There are 2 protein chains.
Amino acid sequence: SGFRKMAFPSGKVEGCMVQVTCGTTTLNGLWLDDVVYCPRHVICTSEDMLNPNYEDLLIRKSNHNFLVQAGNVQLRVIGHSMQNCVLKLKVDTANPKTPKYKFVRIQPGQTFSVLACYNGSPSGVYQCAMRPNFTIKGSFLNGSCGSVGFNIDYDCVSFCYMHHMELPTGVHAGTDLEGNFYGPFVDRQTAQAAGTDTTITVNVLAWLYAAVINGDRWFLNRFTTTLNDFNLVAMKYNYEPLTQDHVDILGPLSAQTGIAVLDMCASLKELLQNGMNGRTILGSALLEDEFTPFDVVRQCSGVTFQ
Amino acid sequence: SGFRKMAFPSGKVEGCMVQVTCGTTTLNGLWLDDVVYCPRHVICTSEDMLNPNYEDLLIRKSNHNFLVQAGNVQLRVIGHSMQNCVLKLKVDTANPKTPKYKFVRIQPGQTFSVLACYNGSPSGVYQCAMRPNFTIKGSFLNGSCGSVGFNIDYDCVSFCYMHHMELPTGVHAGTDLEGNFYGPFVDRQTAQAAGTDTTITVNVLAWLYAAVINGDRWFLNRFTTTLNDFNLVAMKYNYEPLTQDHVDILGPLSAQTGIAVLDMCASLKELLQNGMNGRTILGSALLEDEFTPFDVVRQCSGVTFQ
Ligand SMILES: *C(=O)[C@H](C[C@@H]1CCCNC1=O)NC(=O)[C@H](CC(C)C)NC(=O)[C@@H](NC(=O)c1ccc2ccccc2c1)C(C)C
Ligand SMILES: *C(=O)[C@H](C[C@@H]1CCCNC1=O)NC(=O)[C@H](CC(C)C)NC(=O)[C@@H](NC(=O)c1ccc2ccccc2c1)C(C)C
């Protein structure tokens with residue numbers, strides 16, 4: 001029992017991190033087989049980032065302008081190519097530590113682990129969600145670009161995020177591993193403006209099930225609701241609508257609680273309208289929306305802490 | 001910028017985890033050089049755990065009763081020995097992946113990463129604190145025993161925790177890697193009773209500095225206080241006393257905020273007495289005490305998010 005914000009073990013990704021330096025700029029790259037993937041603004045000067053022409057900056061570089069280092073060993077770049085906002089550096093050596101892997105583009109509301117890196121070395125690992133406005137709430141300093149986000153299925157690493165930039169609100173934005181940004185952002189130092197963020201309703205419900213799974217039951221009431229009426233109340237508190245697909249996804253937790261999804265929706269509706277009256281759930285005074293239903297089952301299914 | 005509950009990268013520890021089976025029971029072991037360390041109750045039956053005689057249970061086993069597996073490869077046990085609450089199994093093969101490492105016994109209030117494992121395989125990583133009552137708030141199921149807690153200094157892994165048991169409150173207890181329990185606990189299925197937990201004051205202050213470091217400044221007031229008077233107020237809200245050693249430890253954050261420690265103490269005093277009035281700090285509605293001052297600097301020192 002117990003419930004914590006849990007990340008995936010980072011070992012398989014740690015073996016893929018390298019340092020990429022292009023003259024003035026250094027950031028992290030991801031070394032898979034004989035290709036290093038990194039953000040294309042490694043080729044910018046500070047001057048350039050206000051509105052860079054990347055194709056003109058890349059045109060003026062050859063393979064030898066890119067210094068790639070894996071620990072104490074330098075990797076010779078033998079080809080370079082830009083795919084959307086990502087640079088792909090062909091290297092003379094395939095990574096012996098390349099795990100089984102995929103490139104996936106996640107959907108808003110899904111979670112992943114971030115391995116935060118500086119100079120190609122890991123600093124820490126933490127769990128993030130893709131927000132409905134396609135930002136993430138990470139923890140990233142200067143030099144962190146090229147850090148990746150990932151899920152592990154059993155031996156396969158699904159890379160879904162590469163870190164590119166920070167928005168003044170304290171929020172972060174990046175690309176999938178094909179270089180396409182999440183959200184309406186561009187890799188340029190300029191004001192850009194994101195959608196307003198919303199609460200991931202299906203994830204709050206999954207966390208309420210984890211709370212029940214962990215003995216925290218005070219919030220359960222004796223009511224049910226309809227999907228339509230719940231959605232009318234939730235909409236006012238800036239919650240995403242709950243779909244029947246979401247209800248289906250919560251089936252395992254419901255049938256591992258004997259609490260119908262719409263009954264849990266009636267409990268969440270009462271929490272939204274009345275607040276928590278000083279009480280906590282799983283130690284939190286606010287409702288949590290960064291655990292997916294799969295996250296909860298992945299962590300809890302051996303518990304029952306009723 | 002941004003601030004997250006960050007764990008250490010788990011790769012170096014992942015390479016040390018093995019499965020240990022003694023007849024009926026399976027749990028995790030830690031393989032370093034040619035020794036596997038695991039909880040001694042691997043030798044118990046369910047029957048035995050109500051009040052086991054470990055020396056009599058161990059007396060009846062030989063090296064070949066212990067099945068140790070590292071992935072698909074079995075390791076032959078060639079010697080066994082009990083140190084306090086930990087079993088040490090000498091094996092015929094030294095672990096090629098043994099990192100540089102130490103065994104340390106941490107103090108209450110310090111944090112560490114937990115690599116939660118089942119059947120010798122990693123499930124997830126998360127950050128924990130040793131509570132003042134020598135429990136931790138982890139996330140552990142059946143089969144998780146032998147999971148370890150650790151800090152990484154730069155290439156050296158300091159192992160400080162091995163997981164042994166759960167207390168009905170949802171809290172967890174274990175040993176250092178020399179088999180000595182943290183707190184007044186014994187490895188036996190019986191009611192035992194812990195001290196009452198308290199809030200780690202120096203860690204709350206470190207987190208307030210991180211909040212300042214991250215642009216969250218509303219709670220700063222124009223007052224100062226004395227150490228003695230702060231401690232008289234904090235004592236009522238079940239906070240640990242702040243010592244001059246604690247004030248010294250907060251020096252880097254203070255001199256990286258230009259906020260004197262006693263000025264931050266005056267701000268915390270006002271928060272304790274008046275509450276937060278609906279506001280949040282770093283997204284939290286409660287004060288956080290599971291980040292040490294070193295944790296904050298480790299994560300934040302490149303930020304300034306004022
Ligand atoms: C890569 O390593 C670095 C990581 C940054 C560094 C700052 C601390 N935390 C991080 O995550 N990425 C950058 O420096 C990028 C480079 C460009 C080419 C993408 N630059 C930025 O992230 C800047 N962001 C902005 O200037 C900015 C983006 C979006 C908005 C939207 C609305 C209003 C303002 C706005 C600004 C930062 C400020 C360095
Ligand atoms: C090891 O794998 C396993 C891990 C447990 C399993 C239960 C789910 N979460 C965990 O962390 N450890 C055990 O099963 C140990 C074995 C014995 C020999 C240490 N047993 C327990 O943890 C039991 N704990 C108690 O029975 C208990 C401890 C302390 C108190 C204190 C006050 C009141 C009651 C009390 C009970 C659990 C219940 C299996």
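Labels below follow one simple rule: chain letters A, B, ... track the order of the sequence lines, proteins then strands, and each chain is numbered from 1. Read the numbers this way: they start at 1 and go in the same order the structure lists the ligands and their atoms. Just the heavy atoms: all of them, side chains too, but no hydrogens, waters or symmetry mates, feed the values below.
- Pairs engaging residues 163-183 of chain A under the salt bridge (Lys or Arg N to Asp or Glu O under 4.0 Å) rule: A:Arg105-A:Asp176 [sequence neighbours left out].
- We find that A:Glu55 and A:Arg60 are not joined by a salt bridge, their nearest charged nitrogen and carboxylate oxygen being 4.0 Å or further apart.
- Each of A:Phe291, A:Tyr209, A:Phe305, A:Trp207 was checked for a ring pair (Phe, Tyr, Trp, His ring centres under 6.0 Å) with A:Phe3, and the lone residue meeting it is A:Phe291.
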Give me the pairs of N or O atoms, one from ligand 2 and one from the protein, that sit under 3.5 Å apart.
unit_1, atom_1, unit_2, atom_2, d
ligand 2, 2 (O), B:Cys145, N, 3.0
ligand 2, 9 (N), B:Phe140, O, 2.9
ligand 2, 9 (N), B:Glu166, OE1, 3.0
ligand 2, 11 (O), B:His163, NE2, 2.7
ligand 2, 12 (N), B:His164, O, 2.9
ligand 2, 22 (O), B:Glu166, N, 2.9
ligand 2, 24 (N), B:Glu166, O, 2.8

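- Screening residues 297-306 of chain A for side chain to side chain donor-acceptor pair (under 3.5 Å) gives A:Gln299-B:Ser139 as the qualifying pairs, with residues at least two apart or on separate chains.
- For the side-chain contact (heavy atoms from CB on, under 4.5 Å) test with A:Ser147, the passing option among A:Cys117, A:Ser123, A:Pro122 is A:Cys117; the others fail.
- Residues meeting the side chain to side chain donor-acceptor pair (under 3.5 Å) test with A:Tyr161, sequence neighbours left out: A:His163.
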